[PDB]
Amino acid sequence: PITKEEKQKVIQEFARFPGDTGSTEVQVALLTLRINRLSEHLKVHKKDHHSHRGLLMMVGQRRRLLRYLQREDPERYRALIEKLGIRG
Amino acid sequence: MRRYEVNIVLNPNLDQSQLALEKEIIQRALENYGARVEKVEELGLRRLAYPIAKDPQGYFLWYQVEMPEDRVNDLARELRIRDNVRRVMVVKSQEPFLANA
Amino acid sequence: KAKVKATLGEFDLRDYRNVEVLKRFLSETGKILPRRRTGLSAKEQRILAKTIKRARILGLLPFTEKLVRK
Amino acid sequence: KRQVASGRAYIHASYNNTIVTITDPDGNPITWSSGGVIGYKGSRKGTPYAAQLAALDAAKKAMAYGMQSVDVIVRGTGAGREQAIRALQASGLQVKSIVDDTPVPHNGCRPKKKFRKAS
RNA sequence: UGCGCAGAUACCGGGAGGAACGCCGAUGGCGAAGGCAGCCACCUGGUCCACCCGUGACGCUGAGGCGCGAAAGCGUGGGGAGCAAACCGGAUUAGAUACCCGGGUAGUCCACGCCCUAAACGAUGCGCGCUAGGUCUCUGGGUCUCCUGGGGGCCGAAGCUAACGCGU
Ligand SMILES: [Mg+2]
Ligand SMILES: [Mg+2]
Ligand SMILES: [Mg+2]
């Protein structure tokens, strides 16, 4: 799983201001968490395809989110992908 | 690390030497895998509804217990290395859904 | 006649040990009784089938019996 | 040859032959009979008469060992069934209890295509 | 046909091994499809509701691309209980390369890799907004006769349709 605290830590390390749960940045972050967990489970459980569709969706939701950010504030985009290491 | 329930059914033909020898080895595994221990229960000698390992009765240990979850399969694998251990059944502890009221 | 829930008082039907209760939800062939006879809800009836099956593995309830007088 | 006082009559009904065997209280065969073991041969061994006859005849052979009472255990469906029971009951040889005990898998091997006409 | 006096069938005890999980079981449930059914644990996907807290149009569809895709089939290596194309026999028939009976290889199962098709069916692409109701049902929530969601069925206003039908 992803225990409530682990999640909570990430919302914290990413929220634009205190009380920020659902901004582009927190959202991208959380997906990235889910993805890396889900990807570790996939390098082992290669034949679990139903789960793998979940991935494709998360990877999309992410690119679609990031696409928006790069179009509004190309700045905190560059910062966010650096703080995570992605896309480029 | 979550809460569980380890049931063991044992050989119903033991004197206190054999009996508590097994009961100790158990406490070792339990301990040697991360288990702390809330309640114990020992109804012991009960008649099974069909004979397990040739034998119309069984000795019942039940433990509620908390432990590292990624080891609970390992624990139980070791619990039945023994021969006087006949059934080992481990189960996620649970809210007790009731009925009639 | 009676539904097996109409009989009892309150009980934990997540409790795979209480054979004194759980034993009443079986036929004389020790088969899990249908809803129409258990008087239970779809949801309860689901939970029970589970508890009954767990009992069977511990040795406390039967998988089968034989019909007496046919 | 020992005297048994009581024990088991096993009836094995089928849509092709009824067969009956009698045993001591640990299930060891004393005597036995079947449709073919009386005269009938081919498709008559199923008929409730064939069943009755076989049944009765087995009981007579057991009564030779002085058999006085039995628990009946019946297995399978077929024409001779209630008739082989009705027989043992009316053979003198006293019927203590009855019990169906037909095998049934909890979904085991693939049945032969004849038996999945219920496909 | 076959099997059986090298003692079968039927019965009691013990063991070995493979496949599939009775009752629960539904008009049920989950999944995008194909599809998913003993019980336990771990790892993991989707989804619904309530609160109305956060972002602030970040949306819909989607040629090509990629991935999934029942069954049968193919390659290598296992496994093999029951069932069974082909095949070998017994029947039936005017004949019977069939339907019925006795056997039986591939295959069905597991590992890894291919194939990529179907009455792959709701024969109904995906999304959104609008337009009477009644009834049964799964799963939520509330102030729990009932109300408010989300799913599953039937009947049917308006309207539609060659018709049969469809009809929140
Ligand atoms: Mg295949
Ligand atoms: Mg092959
Ligand atoms: Mg054949």
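Read-outs: derived from the displayed coordinates by stated rules, not from any lab. FYI the Cβ positions are ideal-geometry reconstructions off the backbone, even for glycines, and counts take in every protein chain you see.
Restricting to region A:1-58, what's the tally of residues that are closer than 24 Å to residue A:79 by Cα, among the polar types (S, T, N, Q) and assigned to a helix (DSSP H, G or I)? Counting residues in region A:1-58 that are closer than 24 Å to residue A:79 by Cα, among the polar types (S, T, N, Q) and assigned to a helix (DSSP H, G or I) gives 7. Residues that are among the charged types (D, E, K, R), touching a helix residue (DSSP H, G or I) at 6+ places or on another chain (Cβ under 9 Å) and away from every other protein chain (no Cβ under 13 Å) within region B:64-101 comprise B:78, B:82, listed in sequence order. Residues of region D:83-95 that are more than 9 Å from chain C (Cβ to nearest Cβ) and surrounded by 13 or more Cβ atoms within 10 Å (Cβ to Cβ): D:83, D:84, D:86, D:87, D:88, D:89, D:90, D:91, D:93, D:95. In region C:47-66, the residue that is farthest from residue B:58 (Cα to Cα) out of those that are more than 6 Å from RNA strand E (Cβ to nearest atom) and part of a helix (DSSP H, G or I) is C:47. Of the residues making up region D:82-99, those that are away from RNA strand E (no atom under 12 Å from the Cβ) and not in a helix (DSSP H, G or I) are D:90, D:91, D:92, D:93, D:94, D:95, D:96, D:97, D:98. The single residue among C:67, C:8 that is among the aliphatic types (A, V, I, L, M) and either crowded, with 19+ Cβ neighbours inside 10 Å or within 8 Å of chain B (Cβ to nearest Cβ) (or both) turns out to be C:8.
Among the residues making up region C:10-38, those that are outside any loop (DSSP other than H, G, I, E, B) and closer than 10 Å to residue C:52 by Cα are C:19, C:22, C:23, C:25, C:26, C:32.
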